[PDB]
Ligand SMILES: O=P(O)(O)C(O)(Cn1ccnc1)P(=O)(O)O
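Just the one chain here, the form solved without this ligand, laid out as structure tokens.
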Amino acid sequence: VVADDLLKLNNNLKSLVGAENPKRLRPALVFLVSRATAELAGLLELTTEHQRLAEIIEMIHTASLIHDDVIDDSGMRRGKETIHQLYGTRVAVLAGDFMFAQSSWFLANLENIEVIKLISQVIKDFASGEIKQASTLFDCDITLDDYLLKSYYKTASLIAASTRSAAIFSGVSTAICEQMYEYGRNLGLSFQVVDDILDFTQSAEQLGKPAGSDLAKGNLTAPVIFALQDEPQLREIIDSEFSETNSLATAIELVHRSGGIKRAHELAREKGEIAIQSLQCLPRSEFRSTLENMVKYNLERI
């Protein structure tokens, strides 16, 4: 429901301002970059465009997740009517469409064409990437650059668009807008790499079959990609889609003993450092400090 979502954002926005006075992540980044750049621009309060932008970004994020979660009914010769009722497919599609459409309508009425271009491209690349996703599972030839680009299209691009668009609506210089873009992109990549690290390490310490982990479904991320550089048996096991009994557990221990987790953690740190450096075009402020702290807090999840 767009109504409920717009409600929570405003509520979550309220406590944010009230805190800096003396999911939430994407609107919070919009708010913080909005306030930092609005002060730089001489604005006395956030504009309507800033406040709408935070709602727009979260509507797009939520619509994206709702659609990405729709079921694949492709091979079925009957029972499709039942499986869609069971899984609420029509509601999912309709809700996502209306959320997307509401966000596009908001965006048009903010009247900034640069922002519309930016955000429209984010959704293109997201939908395009998610269609391709199934074809990339278990492909051990994926490069680290391919994985970062994939993570950008899936996660970091919307975040980078949101922080750039916050600066655009403040009217700060193009150079600062580009720096806010770079902060969002590199925080988003650092965020995604840490999520991928955590999926792995949690999988290696859990009691049952890690059957729902990234590695188990063939979604090969930073720690595994690094490991594959030094682990010929890891490649062979992944290529087998863990056919042999208990081979998933073996693959997990090969990744764990490789240097891969440490190298992924350092990849997350370098992107985080680039993010923090992107903020130095801003003067000292509680908003800049908080944006710096989000990077640190992300890396502290280890």
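Between two forms, the rigid core is defined as the largest C-alpha subset superposing within 1.5 Å. All residue numbers refer to positions in the sequence shown, first residue = 1.
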| property | result |
| --- | --- |
| Interval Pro22-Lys23, deposited residues with no coordinates in the entry (none, 1 to 3, 4 to 9, 10 or more) | 10 or more |
| Mean Cα B-factor comparison, 73 to 81 or 99 to 107, giving the higher one as deposited | 73 to 81 |
| Residue range whose averaged C-alpha B-factor is higher in the record, 60 to 68 or 252 to 260 | 252 to 260 |
| Criterion, highest CA B-factor; candidates, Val194, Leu144, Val93, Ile116 | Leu144 |
| Ranked C-alpha temperature factor of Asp199 among modelled chain residues, by third | middle |
| Third of the chain's Cα B-factor distribution that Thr245 belongs to, per the entry | highest |
| Ranked against its chain, the third holding the CA B-factor of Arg35 | lowest |
| Entry-reported Cα temperature factor of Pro210, expressed as the chain third it lands in | highest |
| Where the record places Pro232 (Cα B-factor, split into thirds across the chain) | highest |
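Separately, the form solved in complex with this ligand exists; it is not shown, and the next lines address it.
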item: Site check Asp72, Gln192 and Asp195: each within 4.5 Å of this ligand in the deposited complex by heavy atom; value: yes
item: Contact residue in the deposited complex, from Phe226, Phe200, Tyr181, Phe126 (heavy atom within 4.5 Å of this ligand); value: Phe126
item: In the deposited complex, the one of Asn112, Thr136, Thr89, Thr155 near this ligand [non-hydrogen atom within 4.5 angstroms]; value: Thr155
item: Options 40 to 48, 262 to 270, 61 to 69, 241 to 249; stretch whose heavy atom lies within 4.5 Å of this ligand in the deposited complex; value: 61 to 69
item: Contact flag, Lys209 vs this ligand in the deposited complex, heavy atom cut 4.5 Å; value: yes
item: Touches this ligand in the deposited complex: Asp146 (any heavy atom, 4.5 Å); value: no
item: Which one of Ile116, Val93, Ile123, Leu144, by Cα shift of 2 Å or more between this form and the one not shown, core superposed; value: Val93
item: Yes/no, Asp69 Cα shift of 2 Å or more between this form and the one not shown with rigid core fixed; value: yes
item: Threshold 2 Å Cα movement between this form and the one not shown for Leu13, core superposed; value: yes
item: Rigid core fit then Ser203 CA moved by 2 Å or more between this form and the one not shown; value: yes
item: Direction of C-alpha distance change in the deposited complex, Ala38 to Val17 (at least 3 Å); value: farther
item: In the deposited complex, shift in Cα separation for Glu39 relative to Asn12, 3 Å or more; value: farther
